[PDB]
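Colleague: Chains A and B, in that order, give the protein sequences.
If you count by the numbering used here, then the first sequence holds residues -4 to 376, one letter each, in order.
If you count by the numbering used here, then the second sequence holds residues 77 to 152, one letter each, in order.
Every residue gets a Cβ at the ideal spot worked out from N, C-alpha and C, and that includes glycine.
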Amino acid sequence: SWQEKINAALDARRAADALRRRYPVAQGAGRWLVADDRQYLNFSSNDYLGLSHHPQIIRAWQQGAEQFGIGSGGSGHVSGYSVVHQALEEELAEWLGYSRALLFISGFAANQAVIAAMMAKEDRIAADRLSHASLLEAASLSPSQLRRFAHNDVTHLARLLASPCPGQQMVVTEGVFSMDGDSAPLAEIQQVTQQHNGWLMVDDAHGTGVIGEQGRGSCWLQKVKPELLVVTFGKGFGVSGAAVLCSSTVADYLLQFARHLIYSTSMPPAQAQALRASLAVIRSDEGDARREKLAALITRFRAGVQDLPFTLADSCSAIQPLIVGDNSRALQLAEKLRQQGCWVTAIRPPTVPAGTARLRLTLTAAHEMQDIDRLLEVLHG
Amino acid sequence: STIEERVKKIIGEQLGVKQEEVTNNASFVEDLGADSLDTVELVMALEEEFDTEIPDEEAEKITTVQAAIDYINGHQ
Ligand SMILES: *P(=O)(O)OCC(C)(C)[C@@H](O)C(=O)NCCC(=O)NCCC(=O)NCCc1ccc(S(*)(O)O)cc1
Ligand SMILES: Cc1ncc(COP(=O)(O)O)c(C=O)c1O
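#1: Mapping the DSSP letters down to three states, classify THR244 of chain A as helix, strand or coil.
#2: Measuring only the C-alpha atoms, how far is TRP215 of chain A from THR227 of chain A?
#3: Could you tell me the boundaries of the alpha helix (DSSP H) in which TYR35 of chain A lies?
#4: Which word fits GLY25 of chain A, buried or exposed, when buried means at least 16 other C-beta atoms lie within 10 angstroms of its C-beta?
#5: Distance, Cα to Cα, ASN37 of chain A vs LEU371 of chain A?
#6: Beta carbon of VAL73 of chain A: closer than 8 Å to some heavy atom of ligand 1?
#7: If the criterion is Cβ atoms closer than 9 Å, does the pair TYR43 of chain A and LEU270 of chain A meet it?
#8: If I measure Cβ to Cβ from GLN268 of chain A and keep anything under 6 Å in the same chain, skipping five residues before and after, which residues do I get?
#9: Does the distance from the CB of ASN106 of chain A to the CB of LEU130 of chain A come in under 9 Å?
#10: Who are the Cβ neighbours of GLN251 of chain A in its own chain at under 6 Å, not counting the five residues just before and after it?
#11: Closer than 8 Å: is that where the CB of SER112 of chain B sits relative to any heavy atom of ligand 1?
#12: Checking the sheet assignment: what are the DSSP bridge partners for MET174 of chain A?
#13: Look up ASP123 of chain A in the DSSP assignment and give the residues it is bridged to.
#14: When you measure from the CB of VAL116 of chain B to every non-hydrogen atom of ligand 1, does any distance come out below 8 Å?
#15: 9 Å is my cut-off, CB to CB: does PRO138 of chain A come that close to chain C?
#16: For ligand 4, is there any heavy atom lying closer than 8 Å to the beta carbon of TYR248 of chain A?
#17: Looking at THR227 of chain A and ligand 2, is the gap between the Cβ and the nearest heavy atom below 8 Å?
#18: Given 8 Å as the limit, tell me if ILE342 of chain A has its C-beta closer than that to any heavy atom belonging to ligand 1.
#19: At 4 residues or longer, and completely inside the region 56 to 97 of chain A: list those alpha helix (DSSP H) runs for me, N to C.
#20: Would you report the Cα separation of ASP127 of chain B and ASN100 of chain B, rounded to the nearest angstrom?
#21: Tell me where the beta strand (DSSP E) around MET196 of chain A begins and ends.
#22: How many whole angstroms separate the CB atoms of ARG124 of chain A and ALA145 of chain A, which I take to be in contact at a CB cut-off of 8 Å?
#23: Along the chain, where does the alpha helix (DSSP H) containing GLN266 of chain A start, and where does it finish?
#24: Below 8 Å, can you find three or more Cβ-Cβ pairs linking the region 79 to 97 of chain B to the region 359 to 366 of chain A?
#25: Just how far apart, CA to CA, sit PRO180 of chain A and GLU222 of chain A?
#26: So, for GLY75 of chain A: in the same chain, excluding its five sequence neighbours on each side, which residues have a beta-carbon less than 8 Å away from its beta-carbon?
#27: Nearest-angstrom Cα distance between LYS331 of chain A and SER312 of chain A?
#28: Identify the continuous alpha helix (DSSP H) that holds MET120 of chain B and give its terminal residues.
#29: Going by Cα to Cα distance, which pick from A:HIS72, A:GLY233, A:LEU292 is closest to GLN51 of chain A?
#30: Locate the beta strand (DSSP E) running through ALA30 of chain A, then write down its first and last residues.
#31: Can you find a heavy atom of ligand 1 that lies under 8 Å from the Cβ of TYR258 of chain A?
#32: Quick one: what does DSSP say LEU14 of chain A is sitting in, helix, strand or coil?
#33: Could you name the residues that DSSP lists as bridge partners for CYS214 of chain A?
#34: Looking at C-beta atoms only, is the number of pairs between the region 347 to 358 of chain A and the region 235 to 255 of chain A that lie closer than 8 Å three or more?
#35: Nearest-angstrom Cα distance between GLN95 of chain B and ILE145 of chain B?
#36: Check whether the region 197 to 214 of chain A and the region 148 to 164 of chain A are in contact - that is, three or more C-beta pairs closer than 8 Å.
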């Protein structure tokens, strides 16, 4: 029966002590985290630039509601394509140097729609092994062949593309990987992908707005323009949603064959107004200041953990994991940091390579030097 | 009760035509007078008596009686 299958799966998870529950918070984005009636330093949010509480983005979120209401009233194929959606799409396309941009309600929606509408049964997906779940789940559900290559291994990718394929090949990867915060060699990947007559798709969720000139992201920083660029807005943008950057012919193809854009209700025009304001702050002098401030906090934290026996990662981004090496020691250090006012989450080998039980730390421009100093003090006792 | 006989009797029942008119080369729309709702229900009838899912891309190719027979026998 259905109930027997559900109870058996929950009992299997509860036996492995993976029955993880959600903890409600009053504030979860930015510098602070408010749980129960206690205030912590937030080191678990994706608000890499602190823009979730930016007054200009909040004002646009409010004035958009007073100008267009809340809901859009349908999908972009009917009456749900606001002039704000069009303005945001054009500003994103001009910002990242593409011809067209297509808005999506989330990064999941963007990745699922692109892979579903482009990959056929005779096609092949060459995905990085450490690709985020938003991209691997879509690639797995696709009727195309999924071929995972070693992390940032251009040689294995070349031997993967050289294999015979009855159709076209699509290489997907990330600009800034979400697990270890490391970047990908997009220049070498583009070269070997172009040599085998394939297209490149890059999900720059953790890099968009955070790195590059005007925060254009990883692809611009490495002087690479993939055929498909997916940027999400729930991290550095401090809002929500996503967008796919592509050419006019590819955009028309997706506008004709992706059921997400055809049927799913478009985002509220007020949310797009907040995205437009967030993009404006990202491209301004304040965007440069917040990116420089974040880099200074990262270098401050990496220099401070030089004494402890823990090891860092090849990450220059806001994601700064702290390798401990044991589940008990990592969970105990996480609780000790939470009792000292530093909200930190621990990741166990049930989800990452074994022996590398780490602390998922994230730094934001909303933090101050005293906050990183406090985090280092707690780590040093 | 062979595969060809089951396919032909399914088409004859779904389209309300005698077994005389269901020829192997007989088209559903051209020769048997089938609205596209009847063709989709005919594919769904081929999915019931055979208990096999027919994808929509392959069901678009099934336009004649021999096409349905070749599909049922060619796949498994
Ligand atoms: P005949 O006049 O040729 O009709 C063909 C029908 C029966 C309509 C069918 O073969 C078809 O072409 N369907 C269109 C795509 C589809 O799978 N739709 C399912 C049938 C339908 O019309 N359902 C309504 C809900 C719906 C509306 C729009 C879409 S969209 O993705 O095209 C999907 C489902
Ligand atoms: C794409 C993506 N990767 C990773 C994370 C969080 O990091 P992780 O769950 O791997 O610790 C998020 C948000 O939960 C995310 O959106």
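Modeller: Reading it off the structure:
#1: helix
#2: 16 Å
#3: Premise fails: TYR35 of chain A lies in the beta strand (DSSP E), 33 to 37, not in any alpha helix (DSSP H).
#4: buried
#5: 14 Å
#6: no
#7: no
#8: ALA55, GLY59, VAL79
#9: yes
#10: none
#11: yes
#12: None, per the DSSP bridge assignment.
#13: A:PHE144
#14: yes
#15: No chain C is part of this structure, whose protein chains are labelled A and B.
#16: Inclusion of ligand 4 in the displayed structure is not the case, the ligand content consisting of ligand 1 and ligand 2 alone.
#17: yes
#18: no
#19: 78 to 91
#20: 22 Å
#21: 194 to 198
#22: 6 Å
#23: 264 to 278
#24: no
#25: 16 Å
#26: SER67, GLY68, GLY69, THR260, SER261
#27: 25 Å
#28: 112 to 124
#29: A:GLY233
#30: 27 to 30
#31: yes
#32: coil
#33: Looking at the DSSP assignment, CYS214 of chain A forms no beta bridge with any residue, so it has no partner.
#34: no
#35: 15 Å
#36: no
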